[PDB]
>>> print(open('query-v4.pdb').read())   # PDB, C-alpha atoms
MODEL        1
ATOM      1  CA  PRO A   1     -58.778  -9.028 -34.406
ATOM      2  CA  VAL A   2     -56.160 -10.395 -36.834
ATOM      3  CA  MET A   3     -54.018 -13.102 -35.253
ATOM      4  CA  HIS A   4     -50.268 -13.415 -35.889
ATOM      5  CA  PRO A   5     -49.138 -16.980 -35.124
ATOM      6  CA  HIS A   6     -45.534 -17.627 -34.181
ATOM      7  CA  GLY A   7     -45.445 -20.063 -37.106
ATOM      8  CA  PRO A   9     -50.873 -17.323 -41.813
ATOM      9  CA  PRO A  10     -52.951 -14.331 -40.704
ATOM     10  CA  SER A  11     -56.546 -15.090 -39.765
ATOM     11  CA  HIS A  12     -59.375 -12.999 -38.355
ATOM     12  CA  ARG A  13     -61.118 -13.980 -35.125
ATOM     13  CA  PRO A  14     -64.078 -12.154 -33.548
ATOM     14  CA  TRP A  15     -63.796  -9.855 -30.566
ATOM     15  CA  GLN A  16     -63.846 -11.571 -27.183
ATOM     16  CA  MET A  17     -66.248  -9.783 -24.843
ATOM     17  CA  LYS A  18     -63.674  -9.830 -22.033
ATOM     18  CA  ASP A  19     -61.285  -7.767 -24.174
ATOM     19  CA  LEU A  20     -63.962  -5.260 -25.184
ATOM     20  CA  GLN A  21     -65.051  -4.975 -21.549
ATOM     21  CA  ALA A  22     -61.481  -4.339 -20.394
ATOM     22  CA  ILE A  23     -61.109  -1.562 -22.979
ATOM     23  CA  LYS A  24     -64.284   0.198 -21.826
ATOM     24  CA  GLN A  25     -63.153  -0.042 -18.203
ATOM     25  CA  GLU A  26     -59.785   1.495 -19.118
ATOM     26  CA  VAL A  27     -61.413   4.281 -21.137
ATOM     27  CA  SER A  28     -63.278   4.739 -17.828
ATOM     28  CA  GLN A  29     -65.228   8.044 -17.922
ATOM     29  CA  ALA A  30     -63.100   9.568 -20.694
ATOM     30  CA  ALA A  31     -65.114  11.227 -23.443
ATOM     31  CA  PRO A  32     -64.302  10.391 -27.080
ATOM     32  CA  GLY A  33     -61.234  12.352 -28.136
ATOM     33  CA  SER A  34     -59.917  12.951 -24.617
ATOM     34  CA  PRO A  35     -56.341  11.834 -23.872
ATOM     35  CA  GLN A  36     -57.266   8.733 -21.859
ATOM     36  CA  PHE A  37     -59.801   7.669 -24.499
ATOM     37  CA  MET A  38     -57.251   8.071 -27.299
ATOM     38  CA  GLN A  39     -54.362   6.340 -25.529
ATOM     39  CA  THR A  40     -56.657   3.420 -24.702
ATOM     40  CA  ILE A  41     -58.021   2.740 -28.165
ATOM     41  CA  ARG A  42     -54.549   3.443 -29.592
ATOM     42  CA  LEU A  43     -53.157   0.669 -27.386
ATOM     43  CA  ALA A  44     -56.099  -1.565 -28.339
ATOM     44  CA  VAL A  45     -55.548  -1.136 -32.084
ATOM     45  CA  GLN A  46     -51.907  -2.119 -31.613
ATOM     46  CA  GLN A  47     -52.658  -5.203 -29.524
ATOM     47  CA  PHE A  48     -55.523  -6.614 -31.593
ATOM     48  CA  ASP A  49     -54.634  -5.457 -35.142
ATOM     49  CA  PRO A  50     -58.387  -5.124 -35.829
ATOM     50  CA  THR A  51     -59.964  -5.158 -39.265
ATOM     51  CA  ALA A  52     -62.320  -2.409 -40.407
ATOM     52  CA  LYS A  53     -65.281  -4.521 -39.295
ATOM     53  CA  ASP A  54     -63.696  -5.076 -35.876
ATOM     54  CA  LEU A  55     -63.168  -1.327 -35.508
ATOM     55  CA  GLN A  56     -66.873  -0.728 -36.179
ATOM     56  CA  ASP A  57     -67.817  -3.169 -33.412
ATOM     57  CA  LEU A  58     -65.383  -1.418 -31.057
ATOM     58  CA  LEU A  59     -66.823   2.007 -31.900
ATOM     59  CA  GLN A  60     -70.403   0.979 -31.132
ATOM     60  CA  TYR A  61     -69.353  -0.714 -27.887
ATOM     61  CA  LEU A  62     -67.638   2.404 -26.526
ATOM     62  CA  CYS A  63     -69.577   5.368 -27.942
ATOM     63  CA  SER A  64     -73.170   6.498 -28.323
ATOM     64  CA  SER A  65     -75.007   5.993 -31.603
ATOM     65  CA  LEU A  66     -74.782   9.698 -32.447
ATOM     66  CA  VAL A  67     -71.039   9.808 -31.777
ATOM     67  CA  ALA A  68     -70.612   6.731 -33.969
ATOM     68  CA  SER A  69     -72.384   8.494 -36.831
ATOM     69  CA  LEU A  70     -70.246  11.637 -36.577
ATOM     70  CA  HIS A  71     -67.144   9.422 -36.547
ATOM     71  CA  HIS A  72     -68.322   7.687 -39.722
ATOM     72  CA  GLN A  73     -68.866  11.033 -41.458
ATOM     73  CA  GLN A  74     -65.382  12.286 -40.571
ATOM     74  CA  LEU A  75     -63.765   8.951 -41.425
ATOM     75  CA  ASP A  76     -65.381   9.030 -44.874
ATOM     76  CA  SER A  77     -63.897  12.476 -45.529
ATOM     77  CA  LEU A  78     -60.453  11.436 -44.289
ATOM     78  CA  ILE A  79     -60.692   8.367 -46.523
ATOM     79  CA  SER A  80     -61.608  10.366 -49.635
ATOM     80  CA  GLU A  81     -58.775  12.817 -48.958
ATOM     81  CA  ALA A  82     -56.251  10.041 -48.353
ATOM     82  CA  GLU A  83     -57.288   8.263 -51.569
ATOM     83  CA  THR A  84     -56.019  11.280 -53.518
ATOM     84  CA  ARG A  85     -52.651  11.176 -51.748
ATOM     85  CA  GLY A  86     -52.285   7.423 -52.267
ATOM     86  CA  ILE A  87     -53.311   4.536 -50.002
ATOM     87  CA  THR A  88     -50.931   1.603 -49.657
ATOM     88  CA  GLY A  89     -52.586  -1.687 -50.555
ATOM     89  CA  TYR A  90     -55.688  -0.039 -52.053
ATOM     90  CA  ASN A  91     -56.703  -1.328 -55.480
ATOM     91  CA  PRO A  92     -59.537   0.975 -56.643
ATOM     92  CA  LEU A  93     -60.786  -1.809 -58.932
ATOM     93  CA  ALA A  94     -60.817  -4.460 -56.177
ATOM     94  CA  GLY A  95     -63.964  -3.086 -54.550
ATOM     95  CA  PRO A  96     -64.805  -0.850 -51.603
ATOM     96  CA  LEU A  97     -61.767  -0.081 -49.472
ATOM     97  CA  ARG A  98     -63.553  -1.249 -46.318
ATOM     98  CA  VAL A  99     -64.167  -4.692 -47.827
ATOM     99  CA  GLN A 100     -60.489  -4.865 -48.800
ATOM    100  CA  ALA A 101     -59.417  -3.852 -45.288
ATOM    101  CA  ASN A 102     -61.315  -6.891 -43.967
ATOM    102  CA  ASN A 103     -59.032  -9.246 -45.933
ATOM    103  CA  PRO A 104     -56.543 -10.290 -43.212
ATOM    104  CA  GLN A 105     -53.839 -10.738 -45.864
ATOM    105  CA  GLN A 106     -54.062  -6.998 -46.648
ATOM    106  CA  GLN A 107     -52.001  -5.871 -43.681
ATOM    107  CA  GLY A 108     -50.695  -2.622 -45.154
ATOM    108  CA  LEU A 109     -54.195  -1.576 -46.176
ATOM    109  CA  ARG A 110     -55.542  -2.584 -42.761
ATOM    110  CA  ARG A 111     -52.836  -0.641 -40.904
ATOM    111  CA  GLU A 112     -53.663   2.434 -43.006
ATOM    112  CA  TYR A 113     -57.387   2.137 -42.266
ATOM    113  CA  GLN A 114     -56.694   1.864 -38.532
ATOM    114  CA  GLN A 115     -54.723   5.115 -38.638
ATOM    115  CA  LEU A 116     -57.497   6.975 -40.462
ATOM    116  CA  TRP A 117     -59.982   5.421 -38.036
ATOM    117  CA  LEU A 118     -57.944   6.755 -35.109
ATOM    118  CA  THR A 119     -57.481  10.216 -36.612
ATOM    119  CA  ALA A 120     -61.236  10.514 -37.214
ATOM    120  CA  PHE A 121     -61.908  10.944 -33.482
ATOM    121  CA  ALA A 122     -60.273  14.398 -33.467
ATOM    122  CA  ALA A 123     -63.304  16.081 -35.057
ATOM    123  CA  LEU A 124     -65.789  14.449 -32.669
ATOM    124  CA  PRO A 125     -65.447  16.822 -29.682
ATOM    125  CA  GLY A 126     -66.854  20.267 -30.326
ATOM    126  CA  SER A 127     -69.896  18.519 -31.754
ATOM    127  CA  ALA A 128     -70.710  17.885 -28.065
ATOM    128  CA  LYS A 129     -72.017  21.285 -26.965
ATOM    129  CA  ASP A 130     -73.225  19.983 -23.568
ATOM    130  CA  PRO A 131     -70.236  18.220 -21.987
ATOM    131  CA  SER A 132     -70.624  17.087 -18.398
ATOM    132  CA  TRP A 133     -67.675  19.170 -17.172
ATOM    133  CA  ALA A 134     -69.782  22.276 -17.838
ATOM    134  CA  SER A 135     -72.391  20.952 -15.388
ATOM    135  CA  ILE A 136     -70.126  20.353 -12.368
ATOM    136  CA  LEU A 137     -71.251  23.155 -10.036
ATOM    137  CA  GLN A 138     -70.426  23.881  -6.400
ATOM    138  CA  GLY A 139     -73.387  23.344  -4.117
ATOM    139  CA  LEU A 140     -74.206  25.549  -1.165
ATOM    140  CA  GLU A 141     -72.450  22.956   1.031
ATOM    141  CA  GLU A 142     -69.482  21.821  -1.063
ATOM    142  CA  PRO A 143     -66.000  22.889   0.086
ATOM    143  CA  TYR A 144     -64.028  24.914  -2.426
ATOM    144  CA  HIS A 145     -60.807  22.880  -2.368
ATOM    145  CA  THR A 146     -62.790  19.702  -3.052
ATOM    146  CA  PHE A 147     -64.660  21.416  -5.880
ATOM    147  CA  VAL A 148     -61.569  22.609  -7.762
ATOM    148  CA  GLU A 149     -60.277  19.036  -7.955
ATOM    149  CA  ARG A 150     -63.806  17.917  -8.855
ATOM    150  CA  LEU A 151     -63.541  20.168 -11.911
ATOM    151  CA  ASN A 152     -59.982  19.064 -12.713
ATOM    152  CA  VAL A 153     -60.993  15.429 -13.212
ATOM    153  CA  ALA A 154     -64.068  16.263 -15.298
ATOM    154  CA  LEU A 155     -61.865  18.425 -17.519
ATOM    155  CA  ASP A 156     -59.232  15.675 -17.601
ATOM    156  CA  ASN A 157     -61.942  13.275 -18.807
ATOM    157  CA  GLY A 158     -63.873  15.626 -21.087
ATOM    158  CA  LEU A 159     -61.465  17.957 -22.843
ATOM    159  CA  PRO A 160     -59.923  16.758 -26.130
ATOM    160  CA  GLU A 161     -56.171  16.345 -26.455
ATOM    161  CA  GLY A 162     -54.006  19.404 -27.006
ATOM    162  CA  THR A 163     -56.517  21.794 -25.442
ATOM    163  CA  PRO A 164     -55.705  24.343 -22.710
ATOM    164  CA  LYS A 165     -57.042  23.407 -19.275
ATOM    165  CA  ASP A 166     -55.521  26.031 -16.975
ATOM    166  CA  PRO A 167     -57.510  28.903 -18.576
ATOM    167  CA  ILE A 168     -60.587  26.660 -18.495
ATOM    168  CA  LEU A 169     -60.419  25.694 -14.821
ATOM    169  CA  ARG A 170     -59.704  29.278 -13.746
ATOM    170  CA  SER A 171     -62.986  30.464 -15.259
ATOM    171  CA  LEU A 172     -64.814  27.267 -14.281
ATOM    172  CA  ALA A 173     -63.601  27.357 -10.671
ATOM    173  CA  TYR A 174     -65.446  30.712 -10.670
ATOM    174  CA  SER A 175     -68.428  30.500 -13.043
ATOM    175  CA  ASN A 176     -69.329  27.135 -11.471
ATOM    176  CA  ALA A 177     -68.694  28.084  -7.838
ATOM    177  CA  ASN A 178     -71.545  28.588  -5.393
ATOM    178  CA  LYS A 179     -72.713  32.052  -4.398
ATOM    179  CA  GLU A 180     -71.359  31.321  -0.895
ATOM    180  CA  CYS A 181     -67.616  31.769  -1.490
ATOM    181  CA  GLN A 182     -68.139  33.642  -4.742
ATOM    182  CA  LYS A 183     -67.892  36.985  -2.906
ATOM    183  CA  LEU A 184     -64.083  36.835  -2.513
ATOM    184  CA  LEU A 185     -63.672  37.266  -6.266
ATOM    185  CA  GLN A 186     -63.097  40.976  -6.817
ATOM    186  CA  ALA A 187     -59.863  41.165  -4.783
ATOM    187  CA  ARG A 188     -58.653  37.912  -6.368
ATOM    188  CA  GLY A 189     -54.940  37.403  -5.893
ATOM    189  CA  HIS A 190     -52.694  37.793  -8.922
ATOM    190  CA  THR A 191     -49.789  35.431  -9.566
ATOM    191  CA  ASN A 192     -48.096  33.619 -12.454
ATOM    192  CA  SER A 193     -50.333  30.534 -12.362
ATOM    193  CA  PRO A 194     -53.533  32.190 -11.087
ATOM    194  CA  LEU A 195     -54.943  28.831  -9.931
ATOM    195  CA  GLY A 196     -52.947  29.146  -6.711
ATOM    196  CA  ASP A 197     -54.947  32.256  -5.811
ATOM    197  CA  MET A 198     -58.591  31.165  -6.047
ATOM    198  CA  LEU A 199     -57.585  28.464  -3.550
ATOM    199  CA  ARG A 200     -55.738  30.910  -1.287
ATOM    200  CA  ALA A 201     -59.006  32.853  -1.107
ATOM    201  CA  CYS A 202     -60.911  29.710  -0.087
ATOM    202  CA  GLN A 203     -57.988  27.913   1.582
ATOM    203  CA  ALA A 204     -59.988  28.571   4.780
ATOM    204  CA  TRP A 205     -63.780  28.739   4.392
ATOM    205  CA  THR A 206     -65.990  28.424   7.461
ATOM    206  CA  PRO A 207     -69.487  27.247   6.392
TER     207      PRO A 207
ENDMDL
END
>>> encode(input="query-v4.pdb", output="structure tokens")
Amino acid sequence: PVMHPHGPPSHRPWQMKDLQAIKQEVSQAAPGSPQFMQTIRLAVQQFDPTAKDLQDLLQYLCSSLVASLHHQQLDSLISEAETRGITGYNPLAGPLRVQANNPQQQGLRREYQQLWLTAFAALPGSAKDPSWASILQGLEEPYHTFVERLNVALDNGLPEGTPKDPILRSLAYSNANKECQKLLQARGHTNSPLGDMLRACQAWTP
């Protein structure tokens, strides 16, 4: 992090307590999901991290594969942004990442943080086996409990700005047990269909 005294800027290493608190706030959110993004967005604001700090934070929160995909995307976003013009970037003063580690280069650091943040958008979709696809209703699970069970896994797994209602509707079916799955040819029809698949199983005697 880069410290801002009340009365020059200086870098200080991450404190494990702060990293730990970030991971606990991210909770079960997958990289790119809303909770994940709000968390690391708040962290970048609070700690004004350098490029090196951001690399430590990445490896603490995400798997080694995810970290590599992030690096690939971030490199492309960097190249593209260089053409448009990066504030504080002297192409003759060495690699941009080295420059972003100079705590005096605030503008350049703030730009790098924003590209670092934006890079997470491309990460989902490269995960073809999310956990929310696995959540499946057992022969014993109630239906009303299962629909919420899927809602949270989608809340934690789906990237930002992605439809969830059309996902849960199919998932509340494709991932339901064969027990209650037989009430799904006369499925009720409403405006928000979700209210129906529950009406069908609003009362389900085992």
>>> closest_residue(input="query-v4.pdb", among="A:21, A:100, A:171, A:152", to="residue 51 in chain A", atoms="only C-alpha atoms")
A:100
>>> resolve_selection(input="query-v4.pdb", expression="the PyMOL selection byres ((chain A and resi 155) around 12)", output="count of residues only")
35
>>> closest_residue(input="query-v4.pdb", among="A:80, A:95, A:44, A:123", to="residue 68 in chain A", atoms="only C-alpha atoms")
A:123
>>> atom_distance(input="query-v4.pdb", atom1="CA of residue 128 in chain A", atom2="CA of residue 67 in chain A")
8.9 Å
>>> closest_residue(input="query-v4.pdb", among="A:55, A:62, A:9, A:86", to="residue 117 in chain A", atoms="all atoms listed in the file")
A:55
>>> residues_around(input="query-v4.pdb", residues="residue 71 in chain A", least_positions_apart="5", cutoff="9 Å", atoms="all atoms listed in the file", output="JSON, numbers by chain")
{"A": [59, 66, 76, 117, 120, 121, 123, 124]}
>>> closest_residue(input="query-v4.pdb", among="A:23, A:202, A:181, A:2", to="residue 102 in chain A", atoms="only C-alpha atoms")
A:2
>>> closest_residue(input="query-v4.pdb", among="A:93, A:82, A:199, A:130", to="residue 112 in chain A", atoms="only C-alpha atoms")
A:82
>>> atom_distance(input="query-v4.pdb", atom1="CA of residue 15 in chain A", atom2="CA of residue 108 in chain A")
20.9 Å
>>> resolve_selection(input="query-v4.pdb", expression="the PyMOL selection byres ((chain A and resi 187) around 12)", output="PyMOL selection string")
chain A and resi 182-186+188-190+197-198+200-201
>>> axis_aligned_box(input="query-v4.pdb", around="range 134-140 of chain A", padding_each_side="5 Å", output="lines of an AutoDock Vina configuration file")
center_x = -72.0
center_y = 23.0
center_z = -9.5
size_x = 14.4
size_y = 15.2
size_z = 26.7
>>> atom_distance(input="query-v4.pdb", atom1="CA of residue 109 in chain A", atom2="CA of residue 89 in chain A")
4.7 Å
>>> closest_residue(input="query-v4.pdb", among="A:65, A:25, A:192, A:119", to="residue 77 in chain A", atoms="all atoms listed in the file")
A:119
>>> resolve_selection(input="query-v4.pdb", expression="the PyMOL selection byres ((chain A and resi 4) around 12)", output="MDAnalysis selection string")
chainID A and resid 1:3 5:7 9:13 47:50 104:105 107
>>> write_last_selection(input="query-v4.pdb", atoms="C-alpha atoms", output="PDB file, in the coordinates of the input")
ATOM      1  CA  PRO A   1     -58.778  -9.028 -34.406  1.00  0.00           C
ATOM      2  CA  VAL A   2     -56.160 -10.395 -36.834  1.00  0.00           C
ATOM      3  CA  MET A   3     -54.018 -13.102 -35.253  1.00  0.00           C
ATOM      4  CA  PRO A   5     -49.138 -16.980 -35.124  1.00  0.00           C
ATOM      5  CA  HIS A   6     -45.534 -17.627 -34.181  1.00  0.00           C
ATOM      6  CA  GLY A   7     -45.445 -20.063 -37.106  1.00  0.00           C
ATOM      7  CA  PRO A   9     -50.873 -17.323 -41.813  1.00  0.00           C
ATOM      8  CA  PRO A  10     -52.951 -14.331 -40.704  1.00  0.00           C
ATOM      9  CA  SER A  11     -56.546 -15.090 -39.765  1.00  0.00           C
ATOM     10  CA  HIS A  12     -59.375 -12.999 -38.355  1.00  0.00           C
ATOM     11  CA  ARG A  13     -61.118 -13.980 -35.125  1.00  0.00           C
ATOM     12  CA  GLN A  47     -52.658  -5.203 -29.524  1.00  0.00           C
ATOM     13  CA  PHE A  48     -55.523  -6.614 -31.593  1.00  0.00           C
ATOM     14  CA  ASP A  49     -54.634  -5.457 -35.142  1.00  0.00           C
ATOM     15  CA  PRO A  50     -58.387  -5.124 -35.829  1.00  0.00           C
ATOM     16  CA  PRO A 104     -56.543 -10.290 -43.212  1.00  0.00           C
ATOM     17  CA  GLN A 105     -53.839 -10.738 -45.864  1.00  0.00           C
ATOM     18  CA  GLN A 107     -52.001  -5.871 -43.681  1.00  0.00           C
TER      19      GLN A 107
END
>>> residues_near_point(input="query-v4.pdb", point="(-59.1, 3.5, -32.3)", cutoff="7 Å", atoms="only C-alpha atoms", output="PDB file with C-alpha atoms, in the coordinates of the input")
ATOM      1  CA  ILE A  41     -58.021   2.740 -28.165  1.00  0.00           C
ATOM      2  CA  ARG A  42     -54.549   3.443 -29.592  1.00  0.00           C
ATOM      3  CA  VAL A  45     -55.548  -1.136 -32.084  1.00  0.00           C
ATOM      4  CA  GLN A 114     -56.694   1.864 -38.532  1.00  0.00           C
ATOM      5  CA  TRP A 117     -59.982   5.421 -38.036  1.00  0.00           C
ATOM      6  CA  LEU A 118     -57.944   6.755 -35.109  1.00  0.00           C
TER       7      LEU A 118
END
>>> residues_around(input="query-v4.pdb", residues="residue 139 in chain A", least_positions_apart="4", cutoff="9 Å", atoms="all atoms listed in the file", output="number ranges by chain")
A: 143, 177-180
>>> build_atoms(input="query-v4.pdb", residues="range 91-108 of chain A", atoms="N, CA, C and O atoms", output="compact mmCIF listing (two decimals), in the coordinates of the input")
# COMPACT_ATOMS: atom_id res chain seq x y z
N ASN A 91 -56.45 -1.17 -54.06
CA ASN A 91 -56.70 -1.33 -55.48
C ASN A 91 -58.08 -0.77 -55.78
O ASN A 91 -59.09 -1.39 -55.40
N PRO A 92 -58.20 0.39 -56.44
CA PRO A 92 -59.54 0.98 -56.64
C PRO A 92 -60.48 0.09 -57.44
O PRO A 92 -61.70 0.29 -57.37
N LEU A 93 -59.95 -0.89 -58.18
CA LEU A 93 -60.79 -1.81 -58.93
C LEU A 93 -61.17 -3.05 -58.14
O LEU A 93 -62.00 -3.83 -58.61
N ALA A 94 -60.58 -3.26 -56.97
CA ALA A 94 -60.82 -4.46 -56.18
C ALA A 94 -61.97 -4.30 -55.20
O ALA A 94 -62.13 -5.13 -54.30
N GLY A 95 -62.77 -3.25 -55.35
CA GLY A 95 -63.96 -3.09 -54.55
C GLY A 95 -63.80 -2.06 -53.45
O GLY A 95 -62.74 -1.45 -53.29
N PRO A 96 -64.86 -1.86 -52.67
CA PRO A 96 -64.81 -0.85 -51.60
C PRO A 96 -63.63 -1.08 -50.67
O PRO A 96 -63.32 -2.22 -50.29
N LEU A 97 -62.96 0.02 -50.30
CA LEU A 97 -61.77 -0.08 -49.47
C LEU A 97 -62.05 -0.81 -48.16
O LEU A 97 -61.19 -1.54 -47.66
N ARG A 98 -63.24 -0.61 -47.59
CA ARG A 98 -63.55 -1.25 -46.32
C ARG A 98 -63.63 -2.76 -46.46
O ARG A 98 -63.18 -3.50 -45.58
N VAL A 99 -64.18 -3.25 -47.58
CA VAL A 99 -64.17 -4.69 -47.83
C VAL A 99 -62.73 -5.20 -47.93
O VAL A 99 -62.38 -6.23 -47.35
N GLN A 100 -61.88 -4.46 -48.66
CA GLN A 100 -60.49 -4.86 -48.80
C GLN A 100 -59.78 -4.89 -47.45
O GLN A 100 -58.97 -5.78 -47.18
N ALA A 101 -60.08 -3.92 -46.59
CA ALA A 101 -59.42 -3.85 -45.29
C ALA A 101 -59.82 -5.00 -44.38
O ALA A 101 -59.16 -5.24 -43.37
N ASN A 102 -60.91 -5.71 -44.71
CA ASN A 102 -61.32 -6.89 -43.97
C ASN A 102 -60.60 -8.16 -44.43
O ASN A 102 -60.77 -9.20 -43.80
N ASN A 103 -59.82 -8.09 -45.50
CA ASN A 103 -59.03 -9.25 -45.93
C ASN A 103 -57.77 -9.32 -45.07
O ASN A 103 -56.87 -8.49 -45.23
N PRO A 104 -57.68 -10.29 -44.15
CA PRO A 104 -56.54 -10.29 -43.21
C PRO A 104 -55.18 -10.32 -43.89
O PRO A 104 -54.19 -9.95 -43.25
N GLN A 105 -55.11 -10.76 -45.15
CA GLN A 105 -53.84 -10.74 -45.86
C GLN A 105 -53.42 -9.32 -46.24
O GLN A 105 -52.24 -9.10 -46.55
N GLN A 106 -54.35 -8.37 -46.23
CA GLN A 106 -54.06 -7.00 -46.65
C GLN A 106 -53.65 -6.17 -45.43
O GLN A 106 -54.36 -5.27 -44.97
N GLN A 107 -52.46 -6.49 -44.92
CA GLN A 107 -52.00 -5.87 -43.68
C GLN A 107 -51.74 -4.38 -43.87
O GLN A 107 -52.25 -3.55 -43.11
N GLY A 108 -50.93 -4.03 -44.87
CA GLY A 108 -50.70 -2.62 -45.15
C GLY A 108 -51.98 -1.83 -45.23
O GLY A 108 -52.15 -0.81 -44.55
